[PDB]
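Chains A and B are the protein sequences, given in the same order. Under PDB author numbering, the first residue of the first sequence carries the number 1, and numbering increases by one thereafter. Under PDB author numbering, the first residue of the second sequence carries the number 201, and numbering increases by one thereafter.
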Amino acid sequence: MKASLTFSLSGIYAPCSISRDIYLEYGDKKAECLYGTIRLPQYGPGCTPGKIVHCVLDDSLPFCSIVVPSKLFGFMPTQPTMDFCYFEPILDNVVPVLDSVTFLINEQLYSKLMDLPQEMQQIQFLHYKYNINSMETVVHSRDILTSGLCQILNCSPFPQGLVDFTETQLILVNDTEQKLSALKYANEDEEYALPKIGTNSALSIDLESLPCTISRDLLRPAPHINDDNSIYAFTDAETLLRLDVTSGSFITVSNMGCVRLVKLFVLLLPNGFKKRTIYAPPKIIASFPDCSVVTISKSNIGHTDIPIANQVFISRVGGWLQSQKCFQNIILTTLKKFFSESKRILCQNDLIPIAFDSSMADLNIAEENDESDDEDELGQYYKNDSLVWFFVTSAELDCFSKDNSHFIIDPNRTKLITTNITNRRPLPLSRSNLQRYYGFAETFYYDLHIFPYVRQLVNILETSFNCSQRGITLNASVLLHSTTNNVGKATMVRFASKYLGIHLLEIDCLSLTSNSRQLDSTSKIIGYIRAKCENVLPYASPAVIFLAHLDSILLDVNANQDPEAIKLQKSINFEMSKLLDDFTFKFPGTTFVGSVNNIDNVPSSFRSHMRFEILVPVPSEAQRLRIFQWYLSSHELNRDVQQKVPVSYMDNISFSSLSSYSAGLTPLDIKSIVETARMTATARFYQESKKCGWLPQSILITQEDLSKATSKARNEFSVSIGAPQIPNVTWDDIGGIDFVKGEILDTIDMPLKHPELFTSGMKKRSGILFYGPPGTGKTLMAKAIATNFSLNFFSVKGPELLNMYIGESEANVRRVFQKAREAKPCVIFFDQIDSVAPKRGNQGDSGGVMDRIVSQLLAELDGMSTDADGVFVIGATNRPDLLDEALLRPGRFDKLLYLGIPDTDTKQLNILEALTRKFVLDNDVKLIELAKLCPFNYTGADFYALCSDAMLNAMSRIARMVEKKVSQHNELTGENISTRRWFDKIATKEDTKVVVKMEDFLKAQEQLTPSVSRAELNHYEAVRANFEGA
Amino acid sequence: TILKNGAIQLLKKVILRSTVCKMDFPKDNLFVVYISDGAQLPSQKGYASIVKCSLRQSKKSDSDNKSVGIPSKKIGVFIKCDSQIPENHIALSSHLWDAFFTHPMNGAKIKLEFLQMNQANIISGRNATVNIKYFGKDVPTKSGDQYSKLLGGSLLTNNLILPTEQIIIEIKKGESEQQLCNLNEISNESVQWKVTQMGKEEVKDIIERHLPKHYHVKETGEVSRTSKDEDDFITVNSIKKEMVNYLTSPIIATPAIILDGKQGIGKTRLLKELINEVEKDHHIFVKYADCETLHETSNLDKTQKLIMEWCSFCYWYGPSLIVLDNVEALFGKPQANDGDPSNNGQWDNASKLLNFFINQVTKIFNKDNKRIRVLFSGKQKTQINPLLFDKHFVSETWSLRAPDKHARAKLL
Ligand SMILES: Nc1ncnc2c1ncn2[C@@H]1O[C@H](COP(=O)(O)OP(=O)(O)OP(=O)(O)O)[C@@H](O)[C@H]1O
Ligand SMILES: Nc1ncnc2c1ncn2[C@@H]1O[C@H](COP(=O)(O)OP(=O)(O)OP(=O)(O)O)[C@@H](O)[C@H]1O
Ligand SMILES: Nc1ncnc2c1ncn2[C@@H]1O[C@H](COP(=O)(O)OP(=O)(O)OP(=O)(O)O)[C@@H](O)[C@H]1O
Ligand SMILES: [Mg+2]
Ligand SMILES: [Mg+2]
Ligand SMILES: [Mg+2]
């Protein structure tokens, strides 16, 4: 309800007094105290977060008008206030109860809180001291009672609710840092310095770009004129001791030779704005330079703004937005959309903004041969997407001699002009913030410090803005590349462009062409980029040309290099390079800004001409904090949605946690995580709303949700790019291994999580191999230790390195280190390494492929990643003597994992103790006697086989029971029913589910198969005597 | 605002989005529309029109004969309230879509004007006739009187047309208001008719308009529609029950969903009934296409034109769900083996198309979460081009599976 709104000096627990009429819509005997929904419309594009207050009827307020206590909005009524609220009554008046209540008080008062010796005495004294009512008090986090008193720190399970004075956490907190002294309710301590009333001009007040557009409704004055006020600037009551004239509705500015007259209005308390500045619409800042203006002057001459201009002059500002026929039609009609209801108010040479929706290109906007009265209704359905500047070319006129200082267009006057293009500098982001006003998909605002390469690039470009005064044409250029996709090169350049206040041209090479490199087509490729460049660059702006994904065009062929292929590409790359040079010769600056993925295959004959070769990393853990901060920022989530419920994070989150749990992820993954969270949140919200009960009027986000999404994302990465069958097992299940697993696990733990001992240039235990007999589980422990530290994982599943193509089969070896280097904290596991590891002294026969693959692999795994530290490699093979030579230092594995037979009776018991846990163990007889019964010759596979036999036998026993009961039931019927028609449809747990007893183990204990004969163990230990006995 | 007759005053204007809700009362009224109880109604009588939609005319003469768009020819209607429809949507009566000369489909926007008719246009006093011109060949004419019943009898307006069996309802005579006219309360003694005979010289001037004939294939017209070849489906796997909820959430993690499974496990029929249910429950528009048919896949430029067409169409209609059959033939990696990947250039011809598509759709999706979604179908999640997963275009997923014996029998 659009209830009318009024404010009171009454305190943070004074009641709301509701309108005497609307009481008929809400006041009823069911509630002892009324509670209503407070949503005062703040300055902002988004709606108001929900608040709730204790309420009473007002006997006196005008119809549909409300009094509120000012304190909940963080101000006293020292300045005028908004006169309407989106109030709502609450069905059944229900309110949630807080579990957490918290309050921050200064040290001196806190000493008094401590002098109150008991919690019940504290409550009894302090609730009365603060005039609080038991149970009847409803509060929010970031409520502040008074200065130095009761900052509401944290609340749960809601940020706001009722307090149970019998059973709630009422948490003492001492403001040992006097942070409360920084808090203020906007109240001034004293009258402001040196009022200048009666002066014709005022000074020392700045101008400041709006954080957003403001509605026609939010200004209190709203005179009915169809078009009168579009510049619509505003300033707080400070103007009233600067402008003596009655807060006059229009005022004028001149500096630097300009003329501005600006409609200027009041500002209200429900605000985030700073004092002593003109809050500036975009059309204002565009008309001034980047140089500040700090001056204002009173004038009434608005009636002299000429109501007839018999002609109209204008021009479009140059830009990439102007060059294309597939936009010209919308731009040309956007001329009409502009000048209709854009009655001009201002000097010539002005920069009027106009914007449009880029999707609309192919559409009839349904106004030509439709007319009538629809166009602003479609304009109510659309919303804009990209913005162009129009330059107010000086009108040539005959109605009046005064033409320059200001004129009015009226759409009753039929003229326009189109003098091709004019060139003008685009505004710097740091002053304009231009994007956030029109609400496009904002570029990420980088900082100039923490991504140092961005400082490098932006300085490299700024070189040529700055050298323009030195007159040297620096010809600056750069060529961006990354070892992996999705690093946001283009967005980063976009940022640099907007930050510096420099035009940018962009073309995407995946789009630009009717064909890839082909016969008789080089002209069809290259002329296109030539033409589209020529259409704009030598006309206007500093020269900045951005080409995406150049590797599409510029490629090099090593083999399959037949003439009909090679000659075309080989001509192409030069035929471009010559054009690039021609652009750099003819035009000023010609800053080529390239991008590519795999840098290796950029044509050297081109790349030699380039210079800065910036490598942009995947973001560090220190970087990604800023990423999450951005995407979780309220601006970025309370958009593209349109339902009135807003979204926010809440104080239980901490970006530090994500910084711990997120690594090896690109910005795209981060965005996908955050949106997956937002989806889970909205789903939870609506699903709860399906139940009557307390829930927030805003949708909230949780750490467990974010973590779950991170796991989902890392799985999606592993499924698409990584290995199948990710690390997925409980280390708890690898029983019986002892300080051997100790030394192993510590050896893979310490370089992973104690890096200060390991962030050093020396060698650091990069690889291990395993040579125990079969039946002690190596392959399991490999995935388990990988799970213990979330190692990236790649399995060489044996012989899949081999291929038909001698001369290319080695490629899978380079691939192994490619994928490892792409997944820096990785474990690489060669299972059954024998499959690519004969004797290194193989044969006096031919040096067949089996040797050439393995020796090259061993050499490369010795010779590379030995510098690029980080990877780990693991190998297992249940037969030692074939890996004879690679056990020496040049094979480097050098580690003696006789992960062989068990040695101790308790350890063998620990096997079944770790294995059986997933089914119900018997304990009516105790486990140790099985180990006593076992001959000391078995391994985990054997103990597995034993428990498997026992439990399967017990399943057969319960089957032999229930089959008898089914047979009896059949004899109790036609003996012919479908076997489904009883015990299964009844789903009798008692007759079907797990049963076992230890006598089925003892009965199963004889019939195992020790296929590892003791002769085999003896042979392996005899080899151990020289592999390992040293 | 008083119109050319002082009998008529104009109240308010709004634009609303057409939807289907399958509520009609043809035995009582026809030329009528229904509006939400939340869209509080200034008057129960008004004018409406389609907001015409067509391509830019991005090429000289549009490559076809028709020079200029036909005007809106807006029709007066009664407006009656219901709660059963979402806000700002309109239920448009069956005998009104055909007057708007397009197949009934949740889609285009309607104009709505709210109107006052003064006491100068009450019951009787202008016993006007109306021509019922036969616009196409017919039986030797039935009586004009029966049309007073079979048109429902609720309302009429000048120059009305009804293509269902091609009749024209028109009058141009003095001593009549020649505007909106009441009929619901009016006695049949207060009205007259001409069952005006056929005539080529008359109809051929009307046939100069845009006439993409709606029942040009032989199906006994709207008279009997002797062309059904479809049915319900046997609700075997609940996959529908999950997906139809998911794909109609207020907001979604990403624009795309992928549907896969063994050849012949029944992608196509399932998609058809997902389409139908989505087209009936929650007002989503659909456009549907087969990789077999759009044979431009040998070239880039015209294919790009098709993708931009679909994009633009979607963005002008309401929330929509694009669906594609056997997408592998359009966007799949063209060699299932990587082979020599064009000297590892990897950009074979196909992937360009898919990249342009994902770029465009992403640019749209960042604007507003509902404006478009896409639903792929294919053989296997991992066999379609991995670049589809690289950009995080897709996330949630389903697979069909061999139906379990119980439901399988219930299907049999
Ligand atoms: N560092 C970042 N900070 C904020 N947002 C980012 C960052 N990197 C990427 N993004 C987001 O993800 C998007 C990545 O798409 P973009 O067009 O920038 O990629 P690209 O540089 O062309 O990548 P690639 O060439 O690897 O495919 C950006 O538009 C932005 O929305
Ligand atoms: N904690 C444990 N200690 C010992 N053995 C175990 C343990 N947990 C499971 N096992 C057994 O280890 C067996 C695996 O044996 P082994 O490592 O020789 O086989 P593998 O993984 O197929 O071999 P390969 O490394 O040659 O590919 C499993 O069958 C399982 O029964
Ligand atoms: N669940 C079902 N409900 C109703 N009819 C079904 C169902 N499954 C299969 N059918 C029937 O079996 C036919 C076979 O399936 P359909 O023709 O849709 O396959 P498809 O998805 O086009 O197959 P593919 O692309 O692998 O050739 C359907 O046309 C339909 O008549
Ligand atoms: Mg990119
Ligand atoms: Mg193994
Ligand atoms: Mg099919």
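Every residue, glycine too, gets a C-beta built ideally from N, C-alpha and C.
- A/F919 sits in coil when the DSSP states are folded into three classes, being neither helix nor strand.
- Linking A/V616 to A/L480 through their CA atoms gives a straight-line distance of about 7 Å.
- Under DSSP, the beta-bridge partners assigned to A/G594 are A/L479, A/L547.
- The three-state secondary structure of B/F433, taken from DSSP, is coil.
- If you check the CB distance, A/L568 and A/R517 come in under 7 Å.
- A distance filter of 7 Å between CB atoms and the heavy atoms of ligand 2 selects the following residues in sequence order: A/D733, A/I734, A/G735, A/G736, A/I737, A/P774, A/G775, A/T776, A/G777, A/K778, A/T779, A/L780, A/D831, A/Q832, A/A876, A/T877, A/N878, A/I911, A/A914, A/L915, A/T939, A/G940, A/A941, A/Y944.
- Within chain B, the C-beta atoms nearer than 9 Å to that of A/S552 come from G545, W547, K552, in chain order.
- The region 342-361 of chain A makes contact with the region 273-283 of chain A: 3 or more CB pairs, one atom from each, lie closer than 8 Å.
- DSSP lists A/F546 as the bridge partner or partners of A/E506.
- Exposure of A/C291 is indicated by the presence of fewer than 16 other C-beta atoms within 10 angstroms of its C-beta.
- Per the C-alpha coordinates, the member of A/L888, A/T906, A/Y232 positioned closest to A/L267 is A/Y232.
- The Cβ atoms of A/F273 and A/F234 do not sit closer than 7 Å to each other.
- Three or more beta-carbon pairs separated by less than 8 Å are not found between the region 523-534 of chain B and the region 320-327 of chain B, which leaves the two stretches without contact.
- Between the alpha carbons of B/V395 and B/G246 lies a gap of roughly 28 Å.
- The C-beta of B/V251 comes closer than 7 Å to at least one C-beta of chain A.
- The C-beta separation of A/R436 from A/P211 comes to about 7 Å, placing the pair in contact by the 8 Å criterion.
- Cβ-Cβ separation between B/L506 and A/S514: approximately 15 Å, too far for a contact (criterion under 8 Å).
- Secondary structure note for A/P667: its alpha helix (DSSP H) is the uninterrupted segment 667-689.
- Runs of the alpha helix (DSSP H) lying entirely within the region 594-642 of chain A and spanning at least 4 residues, in chain order: 604-607, 621-632, 634-637.
- Contact with chain B is absent for A/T702, since none of that chain's Cβ atoms lies less than 7 Å from the residue's Cβ.
- Per the coordinates, the alpha-carbon of B/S427 lies some 16 Å from the alpha-carbon of B/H303.
- When DSSP states are grouped into helix, strand and coil, A/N515 belongs to the coil group.
- Under the Cβ distance rule, A/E975 does not count among the residues neighbouring chain B, no pair being separated by less than 7 Å.
- Interface flag for A/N364 against chain B is set, since a Cβ pair is found closer than 7 Å.
- Sequence-distant Cβ neighbours of B/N526 in its own chain, meaning closer than 6 Å and more than five residues away, are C491.
- In the DSSP annotation of this structure, the continuous segment of the alpha helix (DSSP H) that includes A/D862 starts and ends at 849-863.
- Taken through DSSP and simplified to helix, strand or coil, B/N382 comes out as strand.
- Taking 7 Å as the cut-off, the beta carbon of A/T787 is found closer than this to the beta carbon of A/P727.
- Between A/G940 and A/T776, the C-beta spacing is below 7 Å.
- Taken through DSSP and simplified to helix, strand or coil, B/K480 comes out as helix.
- An exposed status is given to A/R216, since fewer than 16 other beta-carbon atoms sit within 10 Å of its beta-carbon.
- For A/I526, no beta strand (DSSP E) segment is defined; the enclosing uninterrupted segment is the alpha helix (DSSP H) at 522-534.
- Inside the region 226-273 of chain B, DSSP marks whole beta strand (DSSP E) runs of 3 or more residues at positions 232-236, 245-250, from first to last along the chain.
- Taking a Cβ-Cβ cut-off of 8 Å, A/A490 has no neighbours in chain B, whose nearest Cβ is about 11 Å from it.
- A distance criterion of 6 Å places the beta-carbon of B/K467 in contact range of ligand 6, judged by its closest non-hydrogen atom.
- The beta carbon of A/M679 sits closer than 7 Å to some beta carbon of chain B.
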